[PDB]
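This report concerns only the one structure given below.
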Amino acid sequence: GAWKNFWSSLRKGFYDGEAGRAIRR
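Count along the sequence shown from 1, then add 60; that gives the number in my numbering.
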């Protein structure tokens with residue numbers, strides 16, 4: 061729980077880093 065919360069943040073962060081350039085390509 062409390063440990064998973066941290067992982068949830070990183071995910072949302074990276075989501076706007078790599079996908080920002082290409083989502084499928």
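The beta-carbon is built from N, C-alpha and C at its ideal position, and this holds for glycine as well.
Which residues in the same chain as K72 place their Cβ atom closer than 6 Å to its Cβ, once the five residues preceding and following it in sequence are excluded? On the sequence shown, residue 72 is found 12 positions in, with the first residue counted as 1. Once the five neighbours on either side are set aside, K72 has no close Cβ partner at all.
Determine the direct distance from the alpha carbon of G80 to that of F66, and round the result to whole angstroms. Taking the first residue of the sequence shown as 1, we reach residue 66 at position 6. Taking the first residue of the sequence shown as 1, we reach residue 80 at position 20. C-alpha separation (whole angstroms): 22 Å.
Rounded C-alpha distance that separates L70 from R85: Along the sequence shown, one-based indexing puts residue 70 at 10. Along the sequence shown, one-based indexing puts residue 85 at 25. About 22 Å.
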